[PDB]
Amino acid sequence: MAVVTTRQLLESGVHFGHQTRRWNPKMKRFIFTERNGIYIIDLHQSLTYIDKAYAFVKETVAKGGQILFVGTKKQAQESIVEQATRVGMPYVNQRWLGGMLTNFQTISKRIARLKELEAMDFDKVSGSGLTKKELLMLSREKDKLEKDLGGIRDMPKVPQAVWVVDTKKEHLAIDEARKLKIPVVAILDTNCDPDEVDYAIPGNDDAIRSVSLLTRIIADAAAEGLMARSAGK
Amino acid sequence: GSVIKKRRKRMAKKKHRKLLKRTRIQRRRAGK
Amino acid sequence: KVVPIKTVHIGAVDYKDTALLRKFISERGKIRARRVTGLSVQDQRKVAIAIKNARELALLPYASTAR
Amino acid sequence: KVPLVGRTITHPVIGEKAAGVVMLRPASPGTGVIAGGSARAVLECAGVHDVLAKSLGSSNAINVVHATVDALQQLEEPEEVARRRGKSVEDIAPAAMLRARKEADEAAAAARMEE
Amino acid sequence: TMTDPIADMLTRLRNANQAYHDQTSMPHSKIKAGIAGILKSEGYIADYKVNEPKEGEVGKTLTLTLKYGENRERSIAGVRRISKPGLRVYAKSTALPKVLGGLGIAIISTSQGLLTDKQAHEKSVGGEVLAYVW
RNA sequence: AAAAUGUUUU
RNA sequence: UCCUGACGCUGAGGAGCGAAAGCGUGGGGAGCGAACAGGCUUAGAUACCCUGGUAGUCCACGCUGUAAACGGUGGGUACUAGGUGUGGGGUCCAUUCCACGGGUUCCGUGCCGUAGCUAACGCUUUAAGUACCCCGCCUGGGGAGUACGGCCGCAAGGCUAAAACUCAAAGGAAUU
RNA sequence: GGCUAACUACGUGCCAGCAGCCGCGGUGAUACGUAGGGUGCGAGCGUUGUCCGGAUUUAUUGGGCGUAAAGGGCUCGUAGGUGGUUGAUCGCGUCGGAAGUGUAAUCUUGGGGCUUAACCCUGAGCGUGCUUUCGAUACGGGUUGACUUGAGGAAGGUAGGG
Ligand SMILES: [Mg+2]
Ligand SMILES: [Mg+2]
Ligand SMILES: [Mg+2]
Ligand SMILES: [Mg+2]
Ligand SMILES: [Mg+2]
Ligand SMILES: [Mg+2]
Ligand SMILES: [Mg+2]
Ligand SMILES: [Mg+2]
Ligand SMILES: [Mg+2]
Ligand SMILES: [Mg+2]
Ligand SMILES: [Mg+2]
Ligand SMILES: [Mg+2]
Ligand SMILES: [Mg+2]
Ligand SMILES: [Mg+2]
Ligand SMILES: [Mg+2]
Ligand SMILES: [Mg+2]
Ligand SMILES: [Mg+2]
Ligand SMILES: [Mg+2]
Ligand SMILES: [Mg+2]
Ligand SMILES: [Mg+2]
Ligand SMILES: [Mg+2]
Ligand SMILES: [Mg+2]
Ligand SMILES: [Mg+2]
Ligand SMILES: [Mg+2]
Ligand SMILES: [Mg+2]
Ligand SMILES: [Mg+2]
Ligand SMILES: [Mg+2]
Ligand SMILES: [Mg+2]
Ligand SMILES: [Mg+2]
Ligand SMILES: [Mg+2]
Ligand SMILES: [Mg+2]
C-alpha cells in the first residue's frame with residue numbers, strides 16, 4: 001500500500017543493514033551507498049516489492065488465504081504473535097522445529113492431543129482429586145506444548161503461503177517450504193538470498209519495529225482479505 | 001595408500017638387496 | 001590480537017644509536033618478538049641486524065644476565 | 001514428464017549421476033526398448049517404446065537408474081526449444097520429426113475415438 | 001598462451017551463461033563477430049555489439065548480451081568446440097553434422113562465409129566444423 | 001618400564 | 001611515460017642441477033654417532049634403555065644421481081560468487097605537510113566458502129571447475145622394477161626392462 | 001542352483017564326482033549318479049579349438065593420472081607439435097561441379113527363374129579412393145605488409161635465510 005511511501009521507512013530506520021564482514025554476493029545490484037560501514041537500502045524499489053507482496057497476498061486470500069507467520073528472533077517475538085492473533089492467522093513464534101511442514105502427520109497428532117488435553121486436564125484439576133507429580137507433570141507437558149505451539153492450531157491441511165522473518169535463523173523453514181512447493185514471502189537484509197524466496201522484500205531485520213511495521217501491514221492486508229472473503233464466498 | 005603396498009615392496013627390495021650382498025663376490029668374479 | 005599492539009615507527013635504525021636498540025632489546029638482553037615489539041617486518045629485520053652488529057661490536061651486551 | 005515424439009525419445013541425450021553414465025538415442029518405430037535391465041525398466045515405465053540405451057560406466061543398478069533418470073530429464077521438448085530460442089518449431093526443428101509427431105497424434109486420435 | 005580464441009569465446013559464453021551473467025566481453029576478431037552474429041540470428045543470445053576501444057585504447061571489444069526466459073531459464077543448453085587447433089574437423093556437404101537431433105545448430109565456416117549446418121545443407125557446401133551450439 | 005602366542009571340524 | 005613488434009608456449013631424444021647416505025685423494029675431528037664393546041631388561045634381546053665408541057657428520061676437489069625428491073596434484077593461457085588474514089611495490093585522501101589511518105591498483109602467500117566437479121574424502125580464482133596448446137605416464141594383483149642384454153659407475157649400485165608361472169582378486173574412500 | 005528357458009524322488013555321504021564363474025558333495029544334495037517330469041533345439045545336438053563381440057578392458061568415434069594403476073626429482077633446451085589483431089595475395093589443406101577410373105563375382109537393393117528357400121540370372125547402387133580439369137576463399141598454411149594487447153628490453157622504484 002501507500003504506507004506514506006519512504007517517509008515511514010526513513011523514520012523507522014529500515015535503510016539500515018549489515019557491515020562488510022558478512023555479505024550475500026547476490027546483493028550487488030542492491031547497493032545504495034556505503035555509509036558508516038552499515039549498508040544502506042535505497043528504500044525506493046522497496047515500495048514496489050512490498051506492493052507486489054501485497055498483491056500476491058490479496059490473490060492468496062482471494063483463493064482463500066492461509067498465511068503461516070513464522071518467527072523466532074527476539075525482535076519479532078512480541079510483535080508477530082499480537083498481530084497474528086488479531087487477524088486470526090496461524091503463526092509460530094517459539095522454536096520453529098524440524099518438521100511441521102513435512103511432519104504433517106505427527107504435528108496433527110500433537111494438535112489433536114493438545115485439543116483433548118486442554119479440556120481433560122482442566123476438568124480433572126477442577127473436579128476429581130489427583131495426586132502430585134502426575135497432574136503436575138501433565139500440566140507441565142501442556143505448558144511446554146503451549147509454549148512450542150501457538151497459532152498452529154487452525155490449519156485443516158497444507159498451508160498456502162509462509163511469511164518468514166530472519167531467514168538466517170529460520171533457515172529450515174525455507175528448505176521445507178521449497179521442498180513442499182509453498183509460496184514464500186520473507187524479510188531479507190543484505191545477507192540473505194533471493195533464490196530461495198519467490199516474493200522477496202528487502203529490508204532490515206535486526207530491530208524490533210523494523211520487522212514490526214512490515215508484519216503489521218501484512219496483517220492489515222490479511223484482515224482486509226478476510227473481510228473481502230465474505231463477499232468472495 | 002594402505003601402507004601394505006609399500007610394505008610388500010619394501011620386503012621385496014630388502015630381500016633382493018640381501019641377495020646382492022650375499023652374492024656380491026660371485027657376480028664380480030663372473031657376471032654383473 | 002596484534003592490531004591492538006599499534007605499529008611503531010623508528011626512522012633510521014643506525015646500529016650506533018643505542019637508544020632504540022635498548023628500547024627493543026629485552027630486559028634479559030634478548031631481541032623482543034615482533035608481536036610484542038609492534039614493528040613492521042622490515043623495521044624488525046633492521047632492528048635485529050643492528051642489535052647483532054652492536055653485540056659483535058661491543059655497544060650492546062650479548063646477554064644482560066642478572067637483570 | 002518425459003517428452004515423447006511419438007512413442008520415442010525426442011533427441012539423443014547422455015545422462016550421468018555419480019558414476020552411472022547412460023546414453024539414449026531415439027529409434028525408428030518398431031525398434032523396441034534396446035536397453036539394459038534397469039534402464040529398460042525406467043524407459044518402459046516412462047512409456048518410451050522405441051529407444052536405444054547403452055550403459056557406460058558403473059553397472060550398479062541404483063546409479064544406472066539415476067543416470068537414466070537425468071538423461072530423460074535432459075530431454076528438451078521441441079516447443080520449449082522454440083521458446084528458448086525465441087523462434088518457431090517450424091524454424092528450429094526437423095520437418096521429419098514434426099511430421100512424425102503429427103502422425104503419432106492422429107493415430108492417437110484414432111485410438112481415442114475408437115475406445 | 002592463448003591458442004584457440006574461438007574456444008575462448010565459447011568457454012567465456014558458457015561460463016557467463018552458467019553464472020547467469022547478463023553480458024560477457026572479449027577481445028574482438030572478425031570470426032568471433034561472425035559467430036556472435038549467427039548466434040543472435042539463431043536466437044541463442046539476446047544481442048551483440050562491437051565496441052571501439054576506450055578503456056585499454058588498444059583494440060575492439062566484442063560484447064554479447066544473453067537472454068534468460070521466464071523464471072530465469074537458460075537460453076543456451078551448451079556450446080562445444082569441434083575443430084580444435086590440435087585436430088581440425090572438416091565436413092563435406094553430405095556428411096554435415098546434426099546437433100541435438102537437429103534441434104541445436106552446428107556452426108560451419110564454409111567458403112561462402114559462416115553458415116549454420118541447415119544453411120550449408122541448403123547450399124550444398126561444406127567446410128570447417130567450428131562449433132556445436134545447442 | 002619391558003610383558004609373546006592362539007593348527008585341520010562339518 | 002619509452003623501445004622492439006608475435007620475437008610466444010611446450011618440448012621426445014640430449015644436457016645440466018639434484019637432500020641425506022655412500023665412494024676416491026688429502027685435511028680436520030669438539031659434540032654427535034651406524035658398526036663395536038660392556039651393563040641392564042628378557043624365556044632369549046644379535047633390540048628398546050645405560051656407559052663407552054670407529055667410520056661418518058666437517059673442509060678441499062671429484063664421483064655417485066637416488067628419496068614419502070609429496071601439494072603423492074607437469075608447464076602455459078583465458079574465463080567462472082564472495083568473505084577474511086598476511087608478505088612486496090606503487091598511487092590517492094584527510095589531519096599532517098611525518099606518520100597514524102583509511103581506500104585503490106599490480107604481484108605473492110594462507111583460511112573460509114558459492115556455482116561447478118568428485119566414488120567418497122574433499123577441491124573450489126593458488127581448482128581437483130569451464131576450456132585450448134604441448135610433454136610425461138597408466139591398462140588387474142603377485143612374479144618384478146626382478147632375470148637376460150646393453151649403457152653409466154672406482155665400488156655400492158643406478159638407468160632401460162621382460163617372460164614362464166600363479167591368484168580371482170589386489171585396491172580407493174567411507175559406514176557401522 | 002544363479003547368470004539361463006526348465007524340479008522332484010531315490011542312491012551316495014568332502015566319498016564317488018560336478019563346474020564357464022560363483023561354487024556343489026561333511027546325511028532332507030532342485031548343483032554328484034539314476035528315474036519320472038520338464039526346457040531349449042531338432043537330423044541334428046553338445047564338447048574342444050580359433051576369431052570378433054560384450055570390453056569405453058588402448059577410449060579417433062570413446063577413458064584416465066590428489067588418495068583407486070598412472071605427473072618425469074627439477075629446469076634448460078634440439079627436432080617436432082602449436083599460434084594475438086589485421087590488409088593484400090597465392091589456392092597446398094579445405095569445399096563444390098565435370099571427366100576418367102574403381103573388371104567380374106561378392107555386398108545393398110529393384111525385377112526374373114529354379115514347386116518355395118538356399119542358390120541362380122538381370123538392372124541399379126556401392127566401389128568409402130585416386131588422377132585430370134573448372135570454380136569458391138570463410139578457416140588452416142605459404143608469401144608479403146602493418147598493429148601492440150602476448151613476449152622481451154630500456155629508465156626509475158624495490159623486497160629478500162637466492
Ligand atoms: Mg566419471
Ligand atoms: Mg613501430
Ligand atoms: Mg639425465
Ligand atoms: Mg653428504
Ligand atoms: Mg669422505
Ligand atoms: Mg680420509
Ligand atoms: Mg648407544
Ligand atoms: Mg622434499
Ligand atoms: Mg612419483
Ligand atoms: Mg614438463
Ligand atoms: Mg594446467
Ligand atoms: Mg591472491
Ligand atoms: Mg580428479
Ligand atoms: Mg635392477
Ligand atoms: Mg529359471
Ligand atoms: Mg539324498
Ligand atoms: Mg574395443
Ligand atoms: Mg573375449
Ligand atoms: Mg579406466
Ligand atoms: Mg592433467
Ligand atoms: Mg597410486
Ligand atoms: Mg612434480
Ligand atoms: Mg630420472
Ligand atoms: Mg621451435
Ligand atoms: Mg592465427
Ligand atoms: Mg585475409
Ligand atoms: Mg550382381
Ligand atoms: Mg520366384
Ligand atoms: Mg565391382
Ligand atoms: Mg598465412
Ligand atoms: Mg633495474
# chains A, B, ... in the order shown; residues from 1 in each chain; ligands from 1
>>> interface_residues(of="chain D", to="chain E", cutoff="7 Å", atoms="only C-alpha atoms", output="NGL selection string")
:D and (11-12 or 84-86 or 92-94)
>>> interface_residues(of="chain E", to="chain A", cutoff="12 Å", atoms="only C-alpha atoms", output="ChimeraX atom specification")
/E:19-21,71-72
>>> residues_around(residues="range 37-39 of chain D", least_positions_apart="2", cutoff="9 Å", atoms="only C-alpha atoms (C1' of nucleotides)", output="ChimeraX atom specification")
/D:22,35,41-44,53-55,61-62,64-65,67-69
>>> residues_near_ligand(ligand="ligand 14", cutoff="9 Å", atoms="only C-alpha atoms (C1' of nucleotides) and all ligand atoms", output="PDB file with C-alpha atoms (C1' of nucleotides), in the first residue's frame")
ATOM      1  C1'   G G 145      61.464 -52.553 -11.237  1.00  0.00           C
ATOM      2  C1'   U G 146      63.482 -58.999 -10.809  1.00  0.00           C
ATOM      3  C1'   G G 157      74.643 -49.694  -7.323  1.00  0.00           C
ATOM      4  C1'   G G 158      71.580 -46.637 -10.927  1.00  0.00           C
ATOM      5  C1'   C G 159      69.016 -46.500 -15.800  1.00  0.00           C
ATOM      6  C1'   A G 161      63.339 -53.620 -18.970  1.00  0.00           C
TER       7        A G 161
END
>>> atom_distance(atom1="CA of residue 4 in chain C", atom2="CA of residue 43 in chain C")
18.2 Å
>>> residues_around(residues="residue 2 in chain F", least_positions_apart="2", cutoff="12 Å", atoms="only C-alpha atoms (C1' of nucleotides)", output="ChimeraX atom specification")
/F:4 /G:40-42,45,47-49
>>> write_last_selection(atoms="C-alpha atoms (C1' of nucleotides)", output="PDB file, in the first residue's frame")
ATOM      1  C1'   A F   4      54.999 -63.493  23.488  1.00  0.00           C
TER       2        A F   4
ATOM      3  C1'   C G  40      70.698 -53.822  32.176  1.00  0.00           C
ATOM      4  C1'   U G  41      65.674 -55.936  30.643  1.00  0.00           C
ATOM      5  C1'   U G  42      64.233 -60.727  28.933  1.00  0.00           C
ATOM      6  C1'   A G  45      67.310 -59.320  23.483  1.00  0.00           C
ATOM      7  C1'   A G  47      66.724 -54.519  20.342  1.00  0.00           C
ATOM      8  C1'   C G  48      64.383 -50.634  23.001  1.00  0.00           C
ATOM      9  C1'   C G  49      67.243 -48.129  27.831  1.00  0.00           C
TER      10        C G  49
END
>>> residues_near_ligand(ligand="ligand 18", cutoff="9 Å", atoms="only C-alpha atoms (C1' of nucleotides) and all ligand atoms", output="list in words")
residues 52, 53, 54 and 55 of chain H
>>> residues_near_ligand(ligand="ligand 2", cutoff="10 Å", atoms="only C-alpha atoms (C1' of nucleotides) and all ligand atoms", output="list in words")
residues 3, 4 and 5 of chain G; 146, 147 and 148 of chain H
>>> residues_near_ligand(ligand="ligand 6", cutoff="12 Å", atoms="only C-alpha atoms (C1' of nucleotides) and all ligand atoms", output="ChimeraX atom specification")
/G:23-29,55-56,58-60
>>> write_last_selection(atoms="N, CA, C and O atoms (P, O5', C5', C4', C3', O3' and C1' of nucleotides)", output="PDB file, in the first residue's frame")
ATOM      1  P     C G  23      81.710 -45.218   2.426  1.00  0.00           P
ATOM      2  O5'   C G  23      82.411 -45.046   1.009  1.00  0.00           O
ATOM      3  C5'   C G  23      82.240 -46.027   0.001  1.00  0.00           C
ATOM      4  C4'   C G  23      82.812 -45.580  -1.319  1.00  0.00           C
ATOM      5  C3'   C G  23      84.176 -44.923  -1.271  1.00  0.00           C
ATOM      6  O3'   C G  23      85.235 -45.848  -1.119  1.00  0.00           O
ATOM      7  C1'   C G  23      82.760 -43.685  -2.690  1.00  0.00           C
ATOM      8  P     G G  24      86.566 -45.417  -0.334  1.00  0.00           P
ATOM      9  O5'   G G  24      87.334 -44.496  -1.377  1.00  0.00           O
ATOM     10  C5'   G G  24      87.742 -45.012  -2.634  1.00  0.00           C
ATOM     11  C4'   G G  24      88.412 -43.958  -3.474  1.00  0.00           C
ATOM     12  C3'   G G  24      89.447 -43.103  -2.768  1.00  0.00           C
ATOM     13  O3'   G G  24      90.695 -43.751  -2.618  1.00  0.00           O
ATOM     14  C1'   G G  24      88.030 -41.721  -4.046  1.00  0.00           C
ATOM     15  P     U G  25      91.523 -43.585  -1.254  1.00  0.00           P
ATOM     16  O5'   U G  25      92.272 -42.194  -1.432  1.00  0.00           O
ATOM     17  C5'   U G  25      93.205 -42.013  -2.483  1.00  0.00           C
ATOM     18  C4'   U G  25      93.635 -40.574  -2.607  1.00  0.00           C
ATOM     19  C3'   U G  25      94.006 -39.870  -1.316  1.00  0.00           C
ATOM     20  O3'   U G  25      95.282 -40.216  -0.815  1.00  0.00           O
ATOM     21  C1'   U G  25      92.617 -38.465  -2.585  1.00  0.00           C
ATOM     22  P     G G  26      95.500 -40.323   0.772  1.00  0.00           P
ATOM     23  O5'   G G  26      95.446 -38.810   1.267  1.00  0.00           O
ATOM     24  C5'   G G  26      96.490 -37.912   0.933  1.00  0.00           C
ATOM     25  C4'   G G  26      96.105 -36.472   1.168  1.00  0.00           C
ATOM     26  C3'   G G  26      95.771 -36.068   2.592  1.00  0.00           C
ATOM     27  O3'   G G  26      96.901 -35.921   3.428  1.00  0.00           O
ATOM     28  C1'   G G  26      94.182 -35.140   1.136  1.00  0.00           C
ATOM     29  P     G G  27      96.768 -36.208   5.004  1.00  0.00           P
ATOM     30  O5'   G G  27      95.857 -35.019   5.543  1.00  0.00           O
ATOM     31  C5'   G G  27      96.361 -33.695   5.587  1.00  0.00           C
ATOM     32  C4'   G G  27      95.278 -32.670   5.822  1.00  0.00           C
ATOM     33  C3'   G G  27      94.664 -32.622   7.207  1.00  0.00           C
ATOM     34  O3'   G G  27      95.492 -31.991   8.165  1.00  0.00           O
ATOM     35  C1'   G G  27      92.963 -32.448   5.589  1.00  0.00           C
ATOM     36  P     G G  28      95.513 -32.524   9.678  1.00  0.00           P
ATOM     37  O5'   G G  28      94.068 -32.165  10.236  1.00  0.00           O
ATOM     38  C5'   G G  28      93.648 -30.815  10.359  1.00  0.00           C
ATOM     39  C4'   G G  28      92.171 -30.719  10.639  1.00  0.00           C
ATOM     40  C3'   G G  28      91.688 -31.401  11.907  1.00  0.00           C
ATOM     41  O3'   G G  28      91.905 -30.625  13.070  1.00  0.00           O
ATOM     42  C1'   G G  28      90.273 -31.986  10.120  1.00  0.00           C
ATOM     43  P     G G  29      92.301 -31.341  14.449  1.00  0.00           P
ATOM     44  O5'   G G  29      90.956 -32.055  14.908  1.00  0.00           O
ATOM     45  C5'   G G  29      89.792 -31.295  15.188  1.00  0.00           C
ATOM     46  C4'   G G  29      88.569 -32.172  15.277  1.00  0.00           C
ATOM     47  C3'   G G  29      88.609 -33.269  16.323  1.00  0.00           C
ATOM     48  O3'   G G  29      88.299 -32.795  17.617  1.00  0.00           O
ATOM     49  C1'   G G  29      87.806 -34.147  14.283  1.00  0.00           C
ATOM     50  P     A G  55      87.168 -42.474  12.926  1.00  0.00           P
ATOM     51  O5'   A G  55      87.106 -43.399  11.634  1.00  0.00           O
ATOM     52  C5'   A G  55      86.727 -42.868  10.377  1.00  0.00           C
ATOM     53  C4'   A G  55      85.808 -43.803   9.638  1.00  0.00           C
ATOM     54  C3'   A G  55      84.768 -43.135   8.756  1.00  0.00           C
ATOM     55  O3'   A G  55      85.277 -42.761   7.490  1.00  0.00           O
ATOM     56  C1'   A G  55      83.721 -44.762  10.096  1.00  0.00           C
ATOM     57  P     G G  56      85.418 -41.211   7.105  1.00  0.00           P
ATOM     58  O5'   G G  56      83.930 -40.657   7.200  1.00  0.00           O
ATOM     59  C5'   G G  56      82.905 -41.193   6.381  1.00  0.00           C
ATOM     60  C4'   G G  56      81.548 -40.990   6.998  1.00  0.00           C
ATOM     61  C3'   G G  56      81.127 -39.548   7.212  1.00  0.00           C
ATOM     62  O3'   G G  56      80.613 -38.955   6.034  1.00  0.00           O
ATOM     63  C1'   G G  56      80.701 -40.790   9.171  1.00  0.00           C
ATOM     64  P     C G  58      78.637 -32.813   6.561  1.00  0.00           P
ATOM     65  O5'   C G  58      79.892 -32.125   7.247  1.00  0.00           O
ATOM     66  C5'   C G  58      79.720 -31.138   8.249  1.00  0.00           C
ATOM     67  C4'   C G  58      81.014 -30.425   8.531  1.00  0.00           C
ATOM     68  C3'   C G  58      81.821 -30.027   7.310  1.00  0.00           C
ATOM     69  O3'   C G  58      81.354 -28.834   6.712  1.00  0.00           O
ATOM     70  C1'   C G  58      83.240 -31.047   8.896  1.00  0.00           C
ATOM     71  P     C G  59      81.405 -28.654   5.120  1.00  0.00           P
ATOM     72  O5'   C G  59      82.946 -28.426   4.819  1.00  0.00           O
ATOM     73  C5'   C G  59      83.646 -27.350   5.419  1.00  0.00           C
ATOM     74  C4'   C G  59      85.090 -27.335   4.997  1.00  0.00           C
ATOM     75  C3'   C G  59      85.346 -27.564   3.521  1.00  0.00           C
ATOM     76  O3'   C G  59      85.131 -26.404   2.740  1.00  0.00           O
ATOM     77  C1'   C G  59      86.824 -28.891   4.790  1.00  0.00           C
ATOM     78  P     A G  60      84.562 -26.540   1.248  1.00  0.00           P
ATOM     79  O5'   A G  60      85.823 -27.016   0.412  1.00  0.00           O
ATOM     80  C5'   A G  60      87.014 -26.251   0.405  1.00  0.00           C
ATOM     81  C4'   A G  60      88.091 -26.939  -0.386  1.00  0.00           C
ATOM     82  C3'   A G  60      87.634 -27.610  -1.664  1.00  0.00           C
ATOM     83  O3'   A G  60      87.473 -26.698  -2.733  1.00  0.00           O
ATOM     84  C1'   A G  60      89.041 -29.075  -0.467  1.00  0.00           C
TER      85        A G  60
END
>>> atom_distance(atom1="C1' of residue 53 in chain G", atom2="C1' of residue 67 in chain G")
29.7 Å
>>> residues_near_ligand(ligand="ligand 9", cutoff="9 Å", atoms="only C-alpha atoms (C1' of nucleotides) and all ligand atoms", output="list in words")
residues 70 and 72 of chain G; 71, 72 and 73 of chain H
>>> residues_near_ligand(ligand="ligand 7", cutoff="9 Å", atoms="only C-alpha atoms (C1' of nucleotides) and all ligand atoms", output="PyMOL selection string")
chain G and resi 33+50-53
>>> write_last_selection(atoms="N, CA and C atoms (P, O5', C5', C4', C3', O3' and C1' of nucleotides)", output="PDB file, in the first residue's frame")
ATOM      1  P     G G  33      74.483 -39.634  20.505  1.00  0.00           P
ATOM      2  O5'   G G  33      74.894 -40.578  19.297  1.00  0.00           O
ATOM      3  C5'   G G  33      74.185 -40.539  18.070  1.00  0.00           C
ATOM      4  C4'   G G  33      74.975 -41.201  16.974  1.00  0.00           C
ATOM      5  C3'   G G  33      75.451 -42.604  17.285  1.00  0.00           C
ATOM      6  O3'   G G  33      74.449 -43.575  17.061  1.00  0.00           O
ATOM      7  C1'   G G  33      77.257 -41.340  16.455  1.00  0.00           C
ATOM      8  P     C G  50      69.367 -43.858  27.057  1.00  0.00           P
ATOM      9  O5'   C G  50      70.455 -44.445  28.054  1.00  0.00           O
ATOM     10  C5'   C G  50      70.275 -44.344  29.455  1.00  0.00           C
ATOM     11  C4'   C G  50      71.396 -45.017  30.198  1.00  0.00           C
ATOM     12  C3'   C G  50      72.791 -44.731  29.680  1.00  0.00           C
ATOM     13  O3'   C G  50      73.296 -43.486  30.120  1.00  0.00           O
ATOM     14  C1'   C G  50      72.552 -47.045  30.045  1.00  0.00           C
ATOM     15  P     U G  51      74.346 -42.683  29.214  1.00  0.00           P
ATOM     16  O5'   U G  51      75.731 -43.395  29.527  1.00  0.00           O
ATOM     17  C5'   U G  51      76.189 -43.538  30.862  1.00  0.00           C
ATOM     18  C4'   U G  51      77.416 -44.405  30.914  1.00  0.00           C
ATOM     19  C3'   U G  51      78.495 -44.059  29.906  1.00  0.00           C
ATOM     20  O3'   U G  51      79.316 -42.987  30.326  1.00  0.00           O
ATOM     21  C1'   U G  51      78.093 -46.377  29.846  1.00  0.00           C
ATOM     22  P     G G  52      80.052 -42.078  29.232  1.00  0.00           P
ATOM     23  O5'   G G  52      81.309 -42.951  28.809  1.00  0.00           O
ATOM     24  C5'   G G  52      81.764 -42.963  27.467  1.00  0.00           C
ATOM     25  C4'   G G  52      82.455 -44.259  27.134  1.00  0.00           C
ATOM     26  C3'   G G  52      83.092 -44.329  25.760  1.00  0.00           C
ATOM     27  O3'   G G  52      84.351 -43.689  25.704  1.00  0.00           O
ATOM     28  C1'   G G  52      81.839 -46.285  26.134  1.00  0.00           C
ATOM     29  P     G G  53      84.580 -42.465  24.694  1.00  0.00           P
ATOM     30  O5'   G G  53      84.557 -43.151  23.260  1.00  0.00           O
ATOM     31  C5'   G G  53      85.407 -44.248  22.971  1.00  0.00           C
ATOM     32  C4'   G G  53      84.891 -45.058  21.812  1.00  0.00           C
ATOM     33  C3'   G G  53      84.620 -44.289  20.533  1.00  0.00           C
ATOM     34  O3'   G G  53      85.797 -44.031  19.792  1.00  0.00           O
ATOM     35  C1'   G G  53      82.800 -45.713  20.985  1.00  0.00           C
TER      36        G G  53
END
>>> residues_near_ligand(ligand="ligand 15", cutoff="9 Å", atoms="only C-alpha atoms (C1' of nucleotides) and all ligand atoms", output="PyMOL selection string")
chain H and resi 2+4-6
>>> write_last_selection(atoms="C-alpha atoms (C1' of nucleotides)", output="PDB file, in the first residue's frame")
ATOM      1  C1'   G H   2      22.187 -68.278 -10.307  1.00  0.00           C
ATOM      2  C1'   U H   4      19.652 -69.134 -18.088  1.00  0.00           C
ATOM      3  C1'   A H   5      14.238 -71.322 -20.634  1.00  0.00           C
ATOM      4  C1'   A H   6      13.053 -75.719 -17.405  1.00  0.00           C
TER       5        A H   6
END
>>> residues_near_ligand(ligand="ligand 1", cutoff="12 Å", atoms="only C-alpha atoms (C1' of nucleotides) and all ligand atoms", output="PyMOL selection string")
(chain D and resi 15-22+56-58+63+67) or (chain G and resi 117-119) or (chain H and resi 56+63-64)
>>> write_last_selection(atoms="C-alpha atoms (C1' of nucleotides)", output="PDB file, in the first residue's frame")
ATOM      1  CA  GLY D  15      22.989 -38.607 -18.532  1.00  0.00           C
ATOM      2  CA  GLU D  16      25.268 -39.316 -15.579  1.00  0.00           C
ATOM      3  CA  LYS D  17      24.647 -39.333 -11.830  1.00  0.00           C
ATOM      4  CA  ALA D  18      27.638 -40.258  -9.678  1.00  0.00           C
ATOM      5  CA  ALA D  19      29.155 -42.906 -11.985  1.00  0.00           C
ATOM      6  CA  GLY D  20      26.353 -44.484 -13.982  1.00  0.00           C
ATOM      7  CA  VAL D  21      26.524 -42.970 -17.466  1.00  0.00           C
ATOM      8  CA  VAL D  22      23.553 -43.807 -19.696  1.00  0.00           C
ATOM      9  CA  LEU D  56      28.592 -46.727 -19.783  1.00  0.00           C
ATOM     10  CA  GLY D  57      30.447 -46.521 -16.503  1.00  0.00           C
ATOM     11  CA  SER D  58      29.442 -48.453 -13.413  1.00  0.00           C
ATOM     12  CA  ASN D  63      23.332 -45.412 -10.163  1.00  0.00           C
ATOM     13  CA  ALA D  67      21.694 -41.819 -14.835  1.00  0.00           C
TER      14      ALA D  67
ATOM     15  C1'   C G 117      33.343 -31.098 -10.070  1.00  0.00           C
ATOM     16  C1'   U G 118      34.418 -35.899  -7.422  1.00  0.00           C
ATOM     17  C1'   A G 119      33.254 -42.922  -5.743  1.00  0.00           C
TER      18        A G 119
ATOM     19  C1'   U H  56      34.583 -47.374 -23.218  1.00  0.00           C
ATOM     20  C1'   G H  63      38.932 -43.437 -20.847  1.00  0.00           C
ATOM     21  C1'   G H  64      42.196 -41.612 -17.487  1.00  0.00           C
TER      22        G H  64
END
>>> interface_residues(of="chain H", to="chain E", cutoff="12 Å", atoms="only C-alpha atoms (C1' of nucleotides)", output="VMD selection string")
chain H and resid 60 81 to 86 93 to 97 135 to 140 147 to 151
>>> select_by_dssp(residues="range 50-101 of chain D", states="strand (DSSP E)", output="ChimeraX atom specification")
/D:50-55
>>> write_last_selection(atoms="C-alpha atoms", output="tab-separated table (two decimals), in the first residue's frame")
chain	number	residue	atom	x	y	z
D	50	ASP	CA	11.49	-47.20	-29.46
D	51	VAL	CA	14.81	-46.25	-27.88
D	52	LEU	CA	18.48	-47.28	-27.91
D	53	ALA	CA	20.07	-47.08	-24.46
D	54	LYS	CA	23.62	-48.01	-23.51
D	55	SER	CA	25.10	-48.21	-20.02
>>> atom_distance(atom1="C1' of residue 144 in chain G", atom2="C1' of residue 65 in chain H")
21.9 Å
